Every structure is written in C-alpha cells, then in structure tokens.
$ cat run11.cif   # mmCIF, C-alpha atoms and all ligand atoms
data_data
loop_
_atom_site.label_atom_id
_atom_site.label_comp_id
_atom_site.auth_asym_id
_atom_site.auth_seq_id
_atom_site.Cartn_x
_atom_site.Cartn_y
_atom_site.Cartn_z
CA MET A 1 -12.61 4.76 -8.36
CA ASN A 2 -12.00 3.10 -4.98
CA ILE A 3 -9.15 1.63 -2.88
CA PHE A 4 -9.22 -1.68 -4.72
CA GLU A 5 -9.02 -0.17 -8.13
CA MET A 6 -6.39 2.23 -6.93
CA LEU A 7 -4.17 -0.43 -5.54
CA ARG A 8 -4.70 -2.67 -8.53
CA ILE A 9 -3.27 0.11 -10.65
CA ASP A 10 -0.33 0.73 -8.40
CA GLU A 11 0.63 -2.92 -7.80
CA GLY A 12 -0.35 -4.72 -10.99
CA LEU A 13 -1.36 -8.35 -11.03
CA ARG A 14 1.08 -11.34 -11.35
CA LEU A 15 0.15 -14.96 -11.03
CA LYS A 16 3.68 -16.29 -10.69
CA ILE A 17 6.17 -15.50 -7.87
CA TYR A 18 8.08 -12.34 -8.66
CA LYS A 19 10.44 -9.89 -7.09
CA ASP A 20 9.12 -6.56 -5.95
CA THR A 21 10.80 -3.16 -6.32
CA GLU A 22 12.96 -3.97 -3.26
CA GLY A 23 13.77 -7.44 -4.61
CA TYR A 24 11.42 -9.38 -2.28
CA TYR A 25 9.41 -12.36 -3.34
CA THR A 26 5.83 -11.35 -3.98
CA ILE A 27 2.79 -12.65 -5.83
CA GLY A 28 -0.66 -11.59 -7.01
CA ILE A 29 -1.51 -8.00 -6.22
CA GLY A 30 1.47 -6.86 -4.23
CA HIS A 31 1.20 -9.65 -1.70
CA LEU A 32 4.66 -9.86 -0.12
CA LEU A 33 5.59 -13.35 0.70
CA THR A 34 8.98 -13.08 2.44
CA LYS A 35 12.04 -10.91 2.78
CA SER A 36 14.25 -13.92 2.69
CA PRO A 37 16.32 -14.47 -0.41
CA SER A 38 15.22 -18.05 -0.63
CA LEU A 39 12.76 -19.07 -3.32
CA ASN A 40 11.87 -22.13 -1.36
CA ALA A 41 11.08 -20.09 1.62
CA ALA A 42 8.85 -18.10 -0.68
CA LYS A 43 7.10 -21.11 -2.12
CA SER A 44 6.53 -22.46 1.30
CA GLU A 45 4.98 -19.21 2.49
CA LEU A 46 2.89 -19.21 -0.63
CA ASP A 47 1.45 -22.66 0.01
CA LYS A 48 0.76 -21.83 3.59
CA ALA A 49 -1.17 -18.71 2.48
CA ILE A 50 -3.25 -20.45 -0.29
CA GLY A 51 -3.61 -23.72 1.56
CA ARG A 52 -2.42 -25.91 -1.25
CA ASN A 53 0.62 -27.07 -3.04
CA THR A 54 0.92 -24.24 -5.57
CA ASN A 55 4.30 -24.74 -7.12
CA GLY A 56 4.76 -20.94 -7.28
CA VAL A 57 1.64 -20.27 -9.33
CA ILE A 58 -1.90 -19.18 -8.30
CA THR A 59 -5.13 -18.43 -10.07
CA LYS A 60 -6.71 -14.98 -10.48
CA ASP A 61 -9.32 -15.90 -7.90
CA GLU A 62 -6.65 -16.83 -5.37
CA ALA A 63 -4.83 -13.57 -6.09
CA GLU A 64 -8.03 -11.64 -5.50
CA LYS A 65 -8.63 -13.49 -2.27
CA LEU A 66 -5.15 -12.50 -0.92
CA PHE A 67 -5.88 -8.97 -2.04
CA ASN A 68 -9.12 -8.73 -0.11
CA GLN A 69 -7.46 -10.03 2.98
CA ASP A 70 -4.61 -7.61 2.62
CA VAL A 71 -6.79 -4.55 2.20
CA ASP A 72 -8.89 -5.50 5.14
CA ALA A 73 -5.85 -6.08 7.23
CA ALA A 74 -4.39 -2.68 6.38
CA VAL A 75 -7.48 -0.84 7.36
CA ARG A 76 -7.70 -2.71 10.58
CA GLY A 77 -4.02 -2.04 11.15
CA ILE A 78 -4.63 1.64 10.85
CA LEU A 79 -7.63 1.56 13.16
CA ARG A 80 -5.59 -0.26 15.74
CA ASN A 81 -2.70 2.08 15.60
CA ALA A 82 -2.85 4.86 18.12
CA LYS A 83 -0.72 7.17 15.96
CA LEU A 84 -2.60 6.44 12.84
CA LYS A 85 -6.18 6.22 13.84
CA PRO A 86 -6.70 9.80 14.73
CA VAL A 87 -5.27 10.95 11.47
CA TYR A 88 -7.31 8.53 9.45
CA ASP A 89 -10.50 9.54 11.31
CA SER A 90 -9.91 13.14 10.42
CA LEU A 91 -9.66 12.56 6.71
CA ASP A 92 -12.25 12.51 3.95
CA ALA A 93 -13.01 9.33 1.96
CA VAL A 94 -10.58 9.98 -0.92
CA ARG A 95 -7.69 10.82 1.33
CA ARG A 96 -8.31 7.77 3.47
CA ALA A 97 -7.74 5.70 0.36
CA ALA A 98 -4.32 7.35 0.01
CA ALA A 99 -3.51 6.46 3.64
CA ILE A 100 -4.49 2.85 3.12
CA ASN A 101 -2.33 2.70 -0.04
CA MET A 102 0.77 3.78 1.87
CA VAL A 103 0.07 1.34 4.72
CA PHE A 104 -0.44 -1.44 2.22
CA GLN A 105 2.82 -0.65 0.52
CA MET A 106 5.05 -0.01 3.53
CA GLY A 107 3.47 -1.37 6.58
CA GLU A 108 2.08 0.41 9.49
CA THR A 109 5.58 0.71 10.81
CA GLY A 110 6.91 2.36 7.73
CA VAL A 111 4.14 4.94 7.61
CA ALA A 112 4.15 5.56 11.30
CA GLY A 113 7.60 7.34 10.85
CA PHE A 114 6.10 10.17 8.87
CA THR A 115 5.20 11.92 12.08
CA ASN A 116 5.52 15.41 10.72
CA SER A 117 3.50 14.57 7.64
CA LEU A 118 0.85 13.04 9.87
CA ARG A 119 0.55 16.14 11.85
CA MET A 120 0.25 18.29 8.75
CA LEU A 121 -2.38 16.04 7.34
CA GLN A 122 -4.38 16.14 10.56
CA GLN A 123 -4.24 19.92 10.45
CA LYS A 124 -5.40 19.85 6.80
CA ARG A 125 -2.31 21.74 5.51
CA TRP A 126 -2.41 19.97 2.19
CA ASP A 127 0.31 21.67 0.23
CA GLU A 128 2.70 21.48 3.08
CA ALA A 129 2.06 17.88 3.77
CA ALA A 130 2.67 17.15 0.10
CA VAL A 131 6.01 18.76 0.25
CA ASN A 132 6.93 16.96 3.43
CA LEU A 133 5.87 13.56 2.11
CA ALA A 134 8.18 13.95 -0.89
CA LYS A 135 11.24 14.25 1.35
CA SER A 136 11.47 10.55 1.80
CA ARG A 137 13.19 7.43 0.69
CA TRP A 138 9.69 6.24 -0.36
CA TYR A 139 9.35 9.07 -2.89
CA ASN A 140 12.94 8.66 -4.14
CA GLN A 141 12.56 4.95 -4.66
CA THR A 142 9.12 4.78 -6.26
CA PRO A 143 8.58 8.26 -7.52
CA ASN A 144 5.68 7.73 -10.00
CA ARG A 145 3.61 5.88 -7.40
CA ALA A 146 4.51 8.29 -4.60
CA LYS A 147 3.51 11.18 -6.89
CA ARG A 148 0.09 9.65 -7.47
CA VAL A 149 -0.52 9.14 -3.73
CA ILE A 150 0.79 12.53 -2.88
CA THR A 151 -1.50 14.21 -5.49
CA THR A 152 -4.31 12.33 -3.86
CA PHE A 153 -3.61 13.74 -0.46
CA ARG A 154 -3.05 17.10 -1.85
CA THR A 155 -6.24 17.41 -3.87
CA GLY A 156 -8.60 15.05 -2.27
CA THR A 157 -9.63 13.87 -5.83
CA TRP A 158 -8.78 10.87 -7.97
CA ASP A 159 -7.22 13.00 -10.70
CA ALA A 160 -3.83 11.17 -10.60
CA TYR A 161 -5.57 7.89 -11.24
CA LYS A 162 -7.58 8.94 -14.27
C1 LIG B 1 -3.64 6.67 8.36
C2 LIG B 1 -2.40 7.27 7.72
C3 LIG B 1 -1.34 6.48 7.39
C4 LIG B 1 -0.21 7.03 6.80
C5 LIG B 1 -0.19 8.36 6.53
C6 LIG B 1 1.04 9.00 5.88
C7 LIG B 1 -1.27 9.13 6.85
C8 LIG B 1 -2.37 8.56 7.46
CL CL B 2 -1.50 -14.60 4.43
CL CL B 3 7.17 4.27 -9.23
#
$ encode --input "run11.cif" --output "structure tokens" --more "lines below"
Ligand SMILES: Cc1ccc(C)cc1
Ligand SMILES: [Cl-]
Ligand SMILES: [Cl-]
Amino acid sequence: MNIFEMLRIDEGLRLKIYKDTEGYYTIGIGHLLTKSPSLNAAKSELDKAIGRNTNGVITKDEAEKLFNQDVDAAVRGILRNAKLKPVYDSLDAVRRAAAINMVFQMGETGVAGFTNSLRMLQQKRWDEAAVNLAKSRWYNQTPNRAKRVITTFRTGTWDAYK
C-alpha cells in the first residue's frame, strides 16, 4: 500500500465531471475543479487543466496525470508550510501518508487549523490525537474516510485500508 493507492480508494475514479461530497465540481481522482456553481466555469477550468477541449470528459490517462500533479503538490505544500513541515518530518512513513491524505482532501489551510491535533501528533500521543481529530466537522461530514485516516495515525499501519 502507498499514498496513491490509499487516495485512489478514498476518492474513487470518475471520468466525467461530478459533484463532490460538498457539492463542488470535480473530476478524475478527487481533482476539484471549482467551487463555483457554474458548470461552464467547471468545464472551462477543466479544459485549462487538460489543455484541450474536453467537453466535460477525460481519459483514464488524463485523470492519472492530474492525480500525480495533485499528490506532488500536496507534499510540496506540506513541506512549504511552517506549521506543517515540522510535524510531517517527525512522522514515520505510514503516518505521513495519512497527513498527505488530509491535505489532499482539505487543503493546507483546512488542515493547518488542527493545531491541537498537530501538537499531539508531534508528541507521538497517538490515542489522544485520534480522539482530538474526531472532534471535527471533517469527521462528522465524511465519517468512514475520516475513520480510516484516523486509524492510520493511530496505529501507524495500513490496517484500515486492507
Ligand atoms: C503534515 C500534517 C498535516 C495535517 C495533519 C493533521 C498532520 C500533519
Ligand atoms: Cl491544474
Ligand atoms: Cl465517508
């Protein structure tokens, strides 16, 4: 198991524009296109991202290309963030995958507001962090996914994904 396989499980794969859990236009493997309610705005963002007139549809290859870019970007986002970096550096390989998953899902902004969880993770207080992470809109909105990520931080294994 690795970050790509993990995220592919959590996000699925769709080759036609769709609405995410929050109702935002997305495509491929959780690639958010726009928060605007306009489908046209979404198709325009899509064409700009793929570099071609897609008509709201992409191939598997194109989806996988967006995915690679997105994972890379998340990691780099983390490494660039002064709040995040130190936490990420302190973690083991499995747990780093859980950190990347959250950043990918919610943005470095979103995750950067889990200050108290961050501190617990840095201190390696696993059970406590797990409890703290669950007290969130994130967990209440997407409970099955949050549970998987949380188990990951808690155990440092891929058990929730098998
Ligand atoms: C790097 C990192 C991001 C988010 C959390 C919750 C923990 C670590
Ligand atoms: Cl893009
Ligand atoms: Cl869920």
$ residues_near_ligand --input "run11.cif" --ligand "ligand CL 3 (chain B)" --cutoff "7 Å" --atoms "all atoms listed in the file" --output "ChimeraX atom specification"
/A:142-146
$ closest_residue --input "run11.cif" --among "A:60, A:35, A:124, A:48" --to "ligand CL 2 (chain B)" --atoms "only C-alpha atoms and all ligand atoms"
A:48
$ atom_distance --input "run11.cif" --atom1 "CA of residue 39 (chain A)" --atom2 "CA of residue 63 (chain A)"
18.6 Å
$ closest_residue --input "run11.cif" --among "A:161, A:42, A:104, A:152" --to "residue 26 (chain A)" --atoms "only C-alpha atoms"
A:42
$ atom_distance --input "run11.cif" --atom1 "CA of residue 14 (chain A)" --atom2 "CA of residue 1 (chain A)"
21.3 Å
$ residues_near_ligand --input "run11.cif" --ligand "ligand LIG 1 (chain B)" --cutoff "10 Å" --atoms "all atoms listed in the file" --output "ChimeraX atom specification"
/A:74-75,77-79,81-91,95-104,106-122,129,133,149-150,153
$ residues_near_ligand --input "run11.cif" --ligand "ligand CL 2 (chain B)" --cutoff "8 Å" --atoms "all atoms listed in the file" --output "PyMOL selection string"
chain A and resi 48-50+66+69-70
$ atom_distance --input "run11.cif" --atom1 "CA of residue 51 (chain A)" --atom2 "CA of residue 19 (chain A)"
21.5 Å
$ closest_residue --input "run11.cif" --among "A:160, A:151, A:125, A:105" --to "residue 21 (chain A)" --atoms "all atoms listed in the file"
A:105
$ closest_residue --input "run11.cif" --among "A:16, A:67, A:59, A:156" --to "residue 31 (chain A)" --atoms "only C-alpha atoms"
A:67
$ axis_aligned_box --input "run11.cif" --around "region 11-28 of chain A" --padding-each-side "6 Å" --output "AutoDock Vina command-line options"
--center_x 6.2 --center_y -9.6 --center_z -6.8 --size_x 27.1 --size_y 25.4 --size_z 21.1
$ closest_residue --input "run11.cif" --among "A:94, A:41, A:13, A:131" --to "residue 28 (chain A)" --atoms "all atoms listed in the file"
A:13
$ closest_residue --input "run11.cif" --among "A:32, A:80, A:65, A:22" --to "residue 141 (chain A)" --atoms "only C-alpha atoms"
A:22
